[PDB]
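First, one chain by itself in structure tokens, the form deposited in one PDB entry.
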């Protein structure tokens, strides 16, 4: 069974969580058909989505909303999740007490599933999850000890084997909690392993709609970590998932003819250029951000699920 009962307390003051939430042309507290966008590591909401799902979700009839947890999604993934939980509580009420879809890139999907696993109050407020290149198992390519003995807190947590990914898995988080679509690529240069088209893949959730692009488009089809978010193929799958009556993308809605790895057709020329350039801010932000030589401690609500792991303060104990 999943964690149940009360939501964990926020470590951040709520006013700080509110400051990280924005909607385009609307207040989060009075918004029609919001979609909550959760960005990837090293980026803000606008940096992740200005070139793709902010305009694309608008043209599908949603009000694009996003969180930008400081600094650039580099802090503790457990803190980034508080931004999302507060945003769901706010947007649910602000939209007339209606469930809303959540759309994510990279760590944003890990954040979404962490929130669903450990904050039971939001399960009934999230309609569906559309995750592009989510690293629910982390990645073996993270290299928190690569080129420098200190790395951002969330880089430690997204390393395969981390206490965080261990606790997510042991608490039941690798099975979908709301209707979920995961779109990912075997050629992802940031998140691996993704090659098996099976539960071994970091983006795979049991009972989710798990769409490895090469399983539809062929073994030699190439989209990278950013293209998993921005490509025309990704748009067709994401549009399917958002419109589906089941809450998940439908195999009937996309096919080999949608296997275009370039930025979504409906983007402006300036958006397509920006979409192709995606990753660079969120490679550089690392440089100027918080860095440490250990994985952040697990919050008490998650510690029983990673017994035997090791974090900054010592051995994980319940």
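Residue numbers count along the first chain shown, from 1. For the two forms, the rigid core is made up of the largest set of C-alpha atoms that agree within 1.5 Å on superposition.
This next part talks about the form deposited in another entry, which is not shown.
Which one of 215, 222, 145, 140, by Cα shift of 2 Å or more between this form and the one not shown, core superposed = Single hit from the list, 145.
Look at the CA atoms of residue 147 and residue 71: state whether they lie closer or farther apart in the other form than in this form, given a difference of 3 Å or more.
-> They are farther apart; the C-alpha distance rises by 3 Å or more in the other form.
Residue 73 and residue 143: do their C-alpha atoms lie closer or farther in the other form than in the form you see, with a change of 3 Å or more?
-> Note: Cα gap between residue 73 and residue 143 widens in the other form.
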